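Colleague: Encoded as structure tokens, here's the structure I'll be asking about.
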Amino acid sequence: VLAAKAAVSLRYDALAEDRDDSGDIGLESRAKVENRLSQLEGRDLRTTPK
RNA sequence: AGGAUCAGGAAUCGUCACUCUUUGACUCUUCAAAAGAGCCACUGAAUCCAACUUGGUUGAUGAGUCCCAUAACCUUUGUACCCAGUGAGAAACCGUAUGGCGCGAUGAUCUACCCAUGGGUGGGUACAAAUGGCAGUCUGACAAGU
């Protein structure tokens, strides 16, 4: 997921002539990566009985 | 007089924990099945497809980092050795009545084959090194919740 978003982030940094130089797209990526992480730890592989 | 049945020799503790081993129970469980106190109903849970939802090729899932590609094992090219050690043997006079580096243990002396003690070939052992071998640059479509 990071190695995905790294390609979205690095090419935002290595290939943009106009650039804020301010880390937004990387943070827009990292918010979703953290959200995938927070959805991922939400799941549990155990048995949750009622 | 020596031995074995019914004085020459340690063993009188009102337990606390801890660890270890041991067997037994135990929920199970493979060998591997087979038998089922049987049927209804109520109610609960779980699973699986369909469904729907949310996320996703701006990459969902699957995945032996670490057993080190940071390598192992070689392979070729430049050096250090040995079938460091050997250790007593190497060369034949003397400034103006008298004075010494004239060796040497405190070290003199050397560093499997052919060629008259000049040169090297052959094998083991070690390393440096490889844009050398061995040795050929991941997937990609569902996933997850009810």
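A note on labels: chains of the structure tokens are A, B, ... as shown, every chain counts residues from 1, and ligands are counted from 1 in their shown order.
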From a DSSP pass on the backbone, collect the residues of chain A flagged as helix (DSSP H, G or I) and hand them back as a ChimeraX atom specification.
Modeller: /A:2-14,24-40
Colleague: With only C-alpha atoms (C1' of nucleotides) as the atoms that count, which of A:17, A:46, A:39, A:22 lies nearest to chain B?
Modeller: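 Distance minimum relative to chain B lands on A:39.
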Colleague: If you measure from atom CA of residue A:48 to atom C1' of residue B:46, what distance in Å do you get, rounded to one decimal?
Modeller: 10.7 Å
Colleague: Name all residues at most 9 Å from residue B:140 (count only C-alpha atoms (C1' of nucleotides); drop same-chain ones fewer than 4 positions away) and give them as a list in words.
Modeller: residues 57, 59 and 61 of chain B
Colleague: Identify, on the basis of only C-alpha atoms (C1' of nucleotides), every residue whose closest approach to residue A:7 does not exceed 12 Å; exclude the query and any residue fewer than 3 positions from it along the same chain; express the result as number ranges by chain.
Modeller: A: 1-4, 10-15, 25-26, 29; B: 58-59
Colleague: Would you save the residues from that selection as a PDB file, in the first residue's frame, using C-alpha atoms (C1' of nucleotides)?
Modeller:
ATOM      1  CA  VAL A   1       0.000   0.000   0.000  1.00  0.00           C
ATOM      2  CA  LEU A   2       2.856   2.374   0.739  1.00  0.00           C
ATOM      3  CA  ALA A   3       4.798   1.079  -2.257  1.00  0.00           C
ATOM      4  CA  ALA A   4       1.661   1.777  -4.245  1.00  0.00           C
ATOM      5  CA  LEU A  10       7.415  10.036  -5.928  1.00  0.00           C
ATOM      6  CA  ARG A  11       6.068  10.792  -9.367  1.00  0.00           C
ATOM      7  CA  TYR A  12       4.190  13.681  -7.820  1.00  0.00           C
ATOM      8  CA  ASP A  13       7.584  14.902  -6.600  1.00  0.00           C
ATOM      9  CA  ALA A  14       9.878  13.785  -9.415  1.00  0.00           C
ATOM     10  CA  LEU A  15       7.602  14.828 -12.281  1.00  0.00           C
ATOM     11  CA  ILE A  25      -0.419  14.601  -2.021  1.00  0.00           C
ATOM     12  CA  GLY A  26       1.878  12.490   0.120  1.00  0.00           C
ATOM     13  CA  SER A  29      -1.838   9.310   0.314  1.00  0.00           C
TER      14      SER A  29
ATOM     15  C1'   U B  58      -3.937   6.590  -8.115  1.00  0.00           C
ATOM     16  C1'   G B  59      -3.239  -1.288  -6.953  1.00  0.00           C
TER      17        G B  59
END
Colleague: Which one of A:47, A:21, A:6, A:16 sits closest to residue A:33 if you count only C-alpha atoms?
Modeller: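 Smallest separation from residue A:33 among the options: A:6.
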Colleague: Quick check, in Å to one decimal: how far apart do atom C1' of residue B:146 and atom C1' of residue B:47 lie?
Modeller: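 Between these atoms lies a distance of 14.2 Å.
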Colleague: Write out as a PDB file with N, CA, C and O atoms (P, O5', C5', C4', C3', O3' and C1' of nucleotides), in the first residue's frame each polymer residue whose atoms come within 10 Å of residue B:56, counting only C-alpha atoms (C1' of nucleotides); drop sequence neighbours fewer than 6 positions from it.
Modeller:
ATOM      1  P     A B 141      -6.098  -9.778 -12.924  1.00  0.00           P
ATOM      2  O5'   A B 141      -6.907 -10.945 -12.222  1.00  0.00           O
ATOM      3  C5'   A B 141      -6.580 -11.343 -10.903  1.00  0.00           C
ATOM      4  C4'   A B 141      -7.679 -10.982  -9.949  1.00  0.00           C
ATOM      5  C3'   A B 141      -8.988 -10.522 -10.586  1.00  0.00           C
ATOM      6  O3'   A B 141     -10.037 -11.012  -9.769  1.00  0.00           O
ATOM      7  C1'   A B 141      -8.143  -8.825  -9.160  1.00  0.00           C
ATOM      8  P     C B 142     -11.564 -11.199 -10.249  1.00  0.00           P
ATOM      9  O5'   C B 142     -12.381 -11.257  -8.876  1.00  0.00           O
ATOM     10  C5'   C B 142     -12.055 -12.183  -7.838  1.00  0.00           C
ATOM     11  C4'   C B 142     -11.077 -11.576  -6.864  1.00  0.00           C
ATOM     12  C3'   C B 142     -11.509 -11.468  -5.422  1.00  0.00           C
ATOM     13  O3'   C B 142     -11.304 -12.661  -4.695  1.00  0.00           O
ATOM     14  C1'   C B 142     -10.658  -9.390  -6.137  1.00  0.00           C
ATOM     15  P     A B 143     -12.278 -13.013  -3.477  1.00  0.00           P
ATOM     16  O5'   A B 143     -11.862 -11.987  -2.330  1.00  0.00           O
ATOM     17  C5'   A B 143     -10.596 -12.071  -1.694  1.00  0.00           C
ATOM     18  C4'   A B 143     -10.273 -10.811  -0.926  1.00  0.00           C
ATOM     19  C3'   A B 143     -11.211 -10.467   0.216  1.00  0.00           C
ATOM     20  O3'   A B 143     -10.919 -11.187   1.392  1.00  0.00           O
ATOM     21  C1'   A B 143     -10.848  -8.549  -1.091  1.00  0.00           C
TER      22        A B 143
END
